[PDB]
Amino acid sequence: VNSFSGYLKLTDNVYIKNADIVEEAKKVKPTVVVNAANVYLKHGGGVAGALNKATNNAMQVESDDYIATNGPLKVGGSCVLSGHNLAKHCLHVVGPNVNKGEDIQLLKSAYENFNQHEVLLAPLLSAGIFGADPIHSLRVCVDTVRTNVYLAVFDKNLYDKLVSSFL
Ligand SMILES: O=C(O)CCn1cnc2ccccc21
(Lines give C-alpha, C1' and ligand atoms only; values in the text may rest on other atoms or scores of the structure.)
Protein backbone atom coordinates (compact mmCIF):
# COMPACT_ATOMS: atom_id res chain seq x y z
CA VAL A 1 0.00 0.00 0.00
CA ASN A 2 1.15 3.62 -0.68
CA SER A 3 -0.08 7.25 -0.04
CA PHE A 4 -1.19 8.09 -3.62
CA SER A 5 -4.96 8.92 -3.73
CA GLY A 6 -7.59 9.46 -6.44
CA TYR A 7 -5.65 7.87 -9.34
CA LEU A 8 -7.27 5.91 -12.16
CA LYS A 9 -5.47 2.57 -12.73
CA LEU A 10 -4.44 2.15 -16.39
CA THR A 11 -2.36 -1.04 -16.09
CA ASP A 12 -0.77 -3.33 -13.49
CA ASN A 13 1.84 -0.59 -12.77
CA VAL A 14 0.68 2.74 -14.28
CA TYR A 15 -1.78 5.14 -12.60
CA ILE A 16 -2.98 8.59 -13.75
CA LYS A 17 -4.62 11.65 -12.14
CA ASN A 18 -5.58 15.23 -13.14
CA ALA A 19 -3.29 17.07 -10.72
CA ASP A 20 -0.67 19.76 -10.36
CA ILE A 21 2.53 17.75 -9.78
CA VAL A 22 3.81 20.47 -7.42
CA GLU A 23 0.67 20.23 -5.19
CA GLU A 24 0.76 16.43 -5.43
CA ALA A 25 4.44 16.27 -4.38
CA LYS A 26 3.79 18.67 -1.48
CA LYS A 27 0.92 16.41 -0.24
CA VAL A 28 2.50 12.92 -0.77
CA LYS A 29 6.27 13.66 -0.25
CA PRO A 30 7.04 10.72 -2.53
CA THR A 31 10.44 8.99 -2.46
CA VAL A 32 10.92 10.16 -6.11
CA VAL A 33 9.40 13.03 -8.08
CA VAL A 34 10.40 13.17 -11.76
CA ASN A 35 11.32 16.51 -13.32
CA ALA A 36 10.85 17.21 -17.03
CA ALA A 37 14.42 18.42 -17.31
CA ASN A 38 16.62 19.68 -20.16
CA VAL A 39 20.29 18.72 -20.58
CA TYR A 40 21.47 21.98 -18.91
CA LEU A 41 19.10 21.54 -15.91
CA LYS A 42 17.83 25.07 -16.62
CA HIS A 43 14.44 24.93 -14.91
CA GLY A 44 12.76 27.88 -16.66
CA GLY A 45 9.25 26.78 -17.52
CA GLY A 46 6.81 23.94 -17.78
CA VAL A 47 7.00 21.30 -15.07
CA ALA A 48 10.66 22.17 -14.33
CA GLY A 49 9.97 25.86 -13.80
CA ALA A 50 7.05 25.02 -11.51
CA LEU A 51 9.00 22.45 -9.43
CA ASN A 52 11.97 24.79 -9.12
CA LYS A 53 9.74 27.75 -8.08
CA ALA A 54 8.18 25.53 -5.35
CA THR A 55 11.74 24.91 -3.97
CA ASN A 56 12.40 28.71 -3.82
CA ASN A 57 15.13 28.20 -6.50
CA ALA A 58 17.08 25.67 -4.36
CA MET A 59 16.61 23.08 -7.15
CA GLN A 60 18.31 25.48 -9.63
CA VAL A 61 21.19 26.25 -7.23
CA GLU A 62 21.85 22.51 -6.73
CA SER A 63 21.49 21.88 -10.46
CA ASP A 64 23.99 24.59 -11.41
CA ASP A 65 26.59 22.97 -9.12
CA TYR A 66 25.80 19.53 -10.71
CA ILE A 67 26.36 20.90 -14.24
CA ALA A 68 29.52 22.80 -13.27
CA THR A 69 30.97 19.46 -12.00
CA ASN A 70 29.56 16.93 -14.52
CA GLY A 71 28.57 18.82 -17.67
CA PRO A 72 25.22 18.44 -19.43
CA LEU A 73 23.02 15.35 -19.37
CA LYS A 74 22.27 13.36 -22.54
CA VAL A 75 18.85 13.57 -24.23
CA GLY A 76 17.22 10.37 -22.90
CA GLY A 77 19.36 10.48 -19.74
CA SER A 78 18.82 11.41 -16.12
CA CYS A 79 20.40 12.26 -12.79
CA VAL A 80 19.22 11.89 -9.22
CA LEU A 81 19.37 15.06 -7.08
CA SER A 82 17.63 16.25 -3.95
CA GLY A 83 13.84 16.48 -3.82
CA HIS A 84 14.13 19.50 -1.52
CA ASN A 85 10.75 20.24 0.12
CA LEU A 86 8.85 18.18 -2.49
CA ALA A 87 10.20 14.60 -2.26
CA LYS A 88 13.17 12.65 -0.95
CA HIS A 89 14.79 12.66 -4.40
CA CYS A 90 14.19 14.34 -7.77
CA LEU A 91 14.91 12.24 -10.83
CA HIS A 92 15.69 14.81 -13.54
CA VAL A 93 14.85 13.06 -16.84
CA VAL A 94 15.50 14.56 -20.27
CA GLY A 95 12.90 13.62 -22.82
CA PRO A 96 13.42 14.78 -26.41
CA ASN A 97 12.20 18.32 -27.12
CA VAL A 98 10.35 18.29 -30.48
CA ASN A 99 10.53 22.18 -30.53
CA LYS A 100 14.41 21.64 -30.76
CA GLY A 101 14.20 18.79 -33.41
CA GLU A 102 15.27 15.82 -31.11
CA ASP A 103 14.62 12.15 -32.08
CA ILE A 104 11.26 11.04 -30.59
CA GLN A 105 12.72 7.43 -30.43
CA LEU A 106 14.72 8.86 -27.48
CA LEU A 107 11.45 9.02 -25.49
CA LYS A 108 11.66 5.26 -24.75
CA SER A 109 15.26 5.69 -23.49
CA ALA A 110 14.03 8.58 -21.26
CA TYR A 111 11.29 6.43 -19.69
CA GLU A 112 13.75 3.55 -19.10
CA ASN A 113 15.30 5.71 -16.33
CA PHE A 114 12.09 5.23 -14.33
CA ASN A 115 12.81 1.48 -14.04
CA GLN A 116 15.68 2.25 -11.59
CA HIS A 117 13.08 3.38 -9.00
CA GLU A 118 10.36 1.19 -7.44
CA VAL A 119 7.76 4.01 -7.17
CA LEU A 120 7.66 7.48 -8.81
CA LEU A 121 5.42 10.53 -9.14
CA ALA A 122 5.97 11.82 -12.70
CA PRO A 123 4.71 13.98 -15.55
CA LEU A 124 4.32 12.71 -19.08
CA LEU A 125 7.78 13.03 -20.64
CA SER A 126 8.24 15.24 -23.78
CA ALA A 127 4.65 16.65 -23.62
CA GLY A 128 3.51 20.32 -23.46
CA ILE A 129 6.39 22.84 -24.02
CA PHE A 130 8.60 19.94 -25.36
CA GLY A 131 5.89 19.41 -28.09
CA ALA A 132 5.59 15.55 -28.45
CA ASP A 133 2.19 13.83 -29.14
CA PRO A 134 0.85 13.22 -25.57
CA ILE A 135 -1.17 10.04 -26.34
CA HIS A 136 2.08 8.58 -27.85
CA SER A 137 4.00 9.65 -24.69
CA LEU A 138 1.52 7.81 -22.40
CA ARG A 139 1.72 4.76 -24.70
CA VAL A 140 5.56 4.75 -24.47
CA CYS A 141 5.30 5.06 -20.67
CA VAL A 142 2.97 2.06 -20.39
CA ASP A 143 5.07 -0.02 -22.78
CA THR A 144 8.45 0.90 -21.14
CA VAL A 145 8.07 1.49 -17.41
CA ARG A 146 7.74 -1.68 -15.31
CA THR A 147 7.97 0.01 -11.89
CA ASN A 148 5.02 1.75 -10.29
CA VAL A 149 4.41 5.16 -11.81
CA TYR A 150 1.82 7.74 -10.71
CA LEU A 151 1.33 10.23 -13.55
CA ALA A 152 0.25 13.81 -12.82
CA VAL A 153 -1.47 15.29 -15.93
CA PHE A 154 -1.72 19.13 -15.67
CA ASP A 155 -4.26 19.76 -18.52
CA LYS A 156 -7.71 18.59 -17.22
CA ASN A 157 -9.03 18.60 -20.80
CA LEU A 158 -5.91 16.57 -21.68
CA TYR A 159 -6.42 14.19 -18.74
CA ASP A 160 -9.93 13.33 -19.99
CA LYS A 161 -8.64 12.86 -23.54
CA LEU A 162 -5.76 10.55 -22.33
CA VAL A 163 -8.19 8.34 -20.35
CA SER A 164 -10.90 8.22 -23.06
CA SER A 165 -8.37 7.32 -25.81
CA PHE A 166 -6.32 4.78 -23.75
CA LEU A 167 -6.06 1.32 -25.28
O1 LIG B 1 -1.10 18.16 -19.20
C2 LIG B 1 0.09 17.79 -19.07
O3 LIG B 1 0.53 17.50 -17.92
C4 LIG B 1 1.03 17.67 -20.29
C5 LIG B 1 1.74 18.96 -20.73
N6 LIG B 1 0.75 19.98 -21.02
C7 LIG B 1 0.42 20.96 -20.22
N8 LIG B 1 -0.53 21.69 -20.77
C9 LIG B 1 -0.83 21.17 -21.94
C10 LIG B 1 -1.75 21.56 -22.92
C11 LIG B 1 -1.83 20.83 -24.09
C12 LIG B 1 -1.01 19.73 -24.28
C13 LIG B 1 -0.11 19.34 -23.30
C14 LIG B 1 -0.01 20.08 -22.12
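- What the entry reports as its method is X-ray crystallography, with 1.0000 Å given for the resolution.

Considerations on the overall build of the chain
Then, in step 1: Per the secondary structure count, the chain includes six helices and seven strands.
Then, in step 2: Reading the chain from its N end, one meets helices and strands in the order β-β-α-β-α-α-β-β-α-β-α-β-α.
Then, in step 3: By the compact-globule yardstick of 15 Å for 167 residues, the chain fits well, its C-alpha radius of gyration being 15 Å.

Some remarks on the packing of aromatic side chains
Then, in step 1: Applying the stated criterion across every chain, the model contains five aromatic pairs.
Then, in step 2: Taken together, a centroid distance of 5.1 Å and an interplanar angle of 90 degrees make the contact between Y7 and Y150 edge-to-face. On the criterion of sequence distance, the pair formed by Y7 in the segment before β1 (8-9) and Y150 in strand β7 (residues 148-153) is long-range, its members being 143 residues apart.
Then, in step 3: Accessibility expressed as a relative area gives 15% for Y7, which makes it buried.
Then, in step 4: Relative to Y150, the ring of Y15 lies with its centre 4.8 Å away and its plane at 10 degrees, an arrangement referred to as stacked. Taken as a pair, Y15 in strand β2 (residues 14-18) and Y150 in strand β7 lie far apart in primary sequence, 135 residues in all. In terms of burial, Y15 and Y150 fall into one category: buried.

Let's talk about the site of the ligand
Then, in step 1: Taken together, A127, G128, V153, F154, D155 and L158 make up the full set of residues near the ligand.
Then, in step 2: Within the backbone of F154, one N or O atom sits 2.7 Å away from an oxygen atom of the ligand.
Then, in step 3: Separating an oxygen atom of the ligand from a backbone N or O atom of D155 is a distance of 2.7 Å.
Then, in step 4: Using a 2 Å cut-off from the grid points, one finds that the ligand occupies the largest pocket.
Then, in step 5: In the shell around the ligand, the residues fall into four nonpolar, one polar and one charged.

Overview of the nonpolar core
Then, in step 1: If you look at the biggest cluster of nonpolar residues, it comprises 25 residues, and the most contacted ones within it are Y111, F114 and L151.
Then, in step 2: Secondary-structure elements contributing two or more residues to this core are β2, β3 (32-36), β5 (89-93), α4 (106-112), β6 (119-122), α5 (134-144), β7 and α6 (156-165).
Then, in step 3: A total of four residues in this core trace back to one element, the largest contributor, which is α5.
Then, in step 4: Contacts of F114, omitting those with residues within four sequence positions, involve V34, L91, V93, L120, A122, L125, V145, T147 and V149.

Section: the environment of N97
Then, in step 1: On the secondary structure map, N97 appears in the loop between β5 and α4.
Then, in step 2: Sequence-wise, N97 and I129 are 32 residues apart; in three dimensions their C-alpha atoms are separated by 8.0 Å.
Then, in step 3: In this view, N97 contacts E102, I129 and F130; residues no more than four positions away in its chain are not counted.
Then, in step 4: Polar side-chain contacts of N97 include one of 2.8 Å to the backbone nitrogen of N99.

Details of α5
Then, in step 1: Every buried residue of α5 is listed here: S137, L138, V140, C141, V142 and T144.
Then, in step 2: Elements that come into contact with the buried residues of α5 comprise β2, α4, β7 and α6.
Then, in step 3: The opening residue of α5 is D133, an N-cap whose side-chain oxygen sits 2.9 Å from the backbone nitrogen of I135.

Here is what the cut-offs are and how they apply
Residues numbered from 1 in each chain as written, not as in the entry; some residues may be left out. Heavy atoms only, no water. Residues with missing side-chain atoms left out of burial classes, pairs and counts. Helix = DSSP H or I, 4+ residues; strand = E, 2+ residues; numbered from the N terminus. Rg over C-alpha atoms; globule rule 2.2 N^0.38 Å. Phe/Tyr/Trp six-rings, centres within 6.5 Å; stacked < 30°, edge-to-face > 60°. Buried < 20%, exposed > 50% of the residue type's maximum accessible area, 1.4 Å probe, protein only. Near = heavy atom within 4 Å. Polar contact = N/O pair within 3.5 Å; in protein donor to acceptor, adjacent residues only side chain to side chain. 1 Å grid on protein atoms, 1.4 Å probe; cavity = no way out; pocket = protein on both sides within 12 Å on 5 of 7 lines; lining within 4 Å. Sits in = over half its atoms within 2 Å of the grid points. Nonpolar A, V, L, I, M, F, W, Y, C, P; charged D, E, K, R; others polar. Core = buried A, V, L, I, M, F, W, Y, C linked by side-chain atoms within 4.5 Å. Contact = heavy atoms within 4.5 Å.

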